[PDB]
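Student: Respectively, the protein sequence lines represent chains W and V. Converting from the first sequence to the working numbering requires adding 32 to each position, the first position being numbered 1. Converting from the second sequence to the working numbering requires adding 1433 to each position, the first position being numbered 1. Virtual Cβ for every residue (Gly too), placed ideally from N, Cα, C. Handing you a structure now.
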Amino acid sequence: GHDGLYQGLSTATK
Amino acid sequence: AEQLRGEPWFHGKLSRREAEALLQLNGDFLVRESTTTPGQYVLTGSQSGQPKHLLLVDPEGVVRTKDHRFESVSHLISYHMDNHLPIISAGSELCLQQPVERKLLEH
């Protein structure tokens, strides 16, 4: 897909 | 110098080269707007020679931490700076130490 992703604060799920 | 519009740490739509250039010391941080993701925020803060970019808003527009929430993104940067606590996200305790400086972008 993906990617670069950043993230996050938060979470987690999924 | 007023709200996200010119906050002392919110730089605005930054790039991957400029944002990383602002991290001169391990501890400086700043928030920006995800260019590829319109309507998203990010936090480029160095923890120890390893810049960490975390999205301040989750996929469902909701800023929070391992177990907390932020009524506003400005409340998030002021919450961690109030106790020098990290932000955490997916295995990275982004710790804040010194806000960079912009007050001009964000429009």
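Taking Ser1448(V) and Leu41(W) to be in contact with their CB atoms under 8 Å, please state how far apart those CB atoms are, rounded to whole angstroms.
Tutor: Contact doesn't hold; Cβ gap of about 21 Å is too wide.
Student: Assign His1501(V) to one of three DSSP states: helix, strand, or coil.
Tutor: Note: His1501(V) maps to coil in three-state DSSP.
Student: Only counting the same chain, and skipping five residues up and downstream in sequence, which positions put a Cβ closer than 7 Å to that of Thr1498(V)?
Tutor: The answer, listed in chain order, is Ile1520, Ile1521.
Student: Per DSSP, what kind of secondary structure is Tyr38(W) in: helix, strand or coil?
Tutor: Coil.
Student: Assuming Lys1536(V) contacts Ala1434(V) under a Cβ cut-off of 8 Å, what Cβ separation, rounded to an integer in Å, is found between them?
Tutor: About 5 Å separates the two Cβ atoms, so the contact holds.
Student: Return the Cβ separation of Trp1442(V) and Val1533(V) in integer angstroms, given the expectation that the two are a contact with Cβ distance under 8 Å.
Tutor: Contact flag correct, Cβ pair sits at about 6 Å.
Student: Taking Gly40(W) as the query, report the chain V residues whose CB atoms sit under 8 Å from its CB, ordered along the chain.
Tutor: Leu1487, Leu1488, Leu1489, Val1490, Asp1491, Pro1492, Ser1522, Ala1523, listed in chain order.
Student: Under the rule that 16 or more other beta-carbon atoms within 10 Å means buried, what is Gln1483(V), buried or exposed?
Tutor: So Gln1483(V) ends up on the exposed side.
Student: Is the separation between the beta-carbon of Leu1458(V) and that of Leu1527(V) shorter than 9 Å?
Tutor: No, the Cβ-Cβ distance between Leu1458(V) and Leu1527(V) is not below 9 Å.
Student: Would DSSP call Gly1439(V) helix, strand or coil?
Tutor: Correct three-state label for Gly1439(V): helix.
Student: On the DSSP letters alone, give me the boundaries of the alpha helix (DSSP H) that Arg1449(V) sits inside.
Tutor: Segment 1449-1455, the alpha helix (DSSP H) holding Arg1449(V).
Student: Taking the alpha-carbon positions, what's the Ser1479(V) to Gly1460(V) distance?
Tutor: C-alpha separation (whole angstroms): 5 Å.
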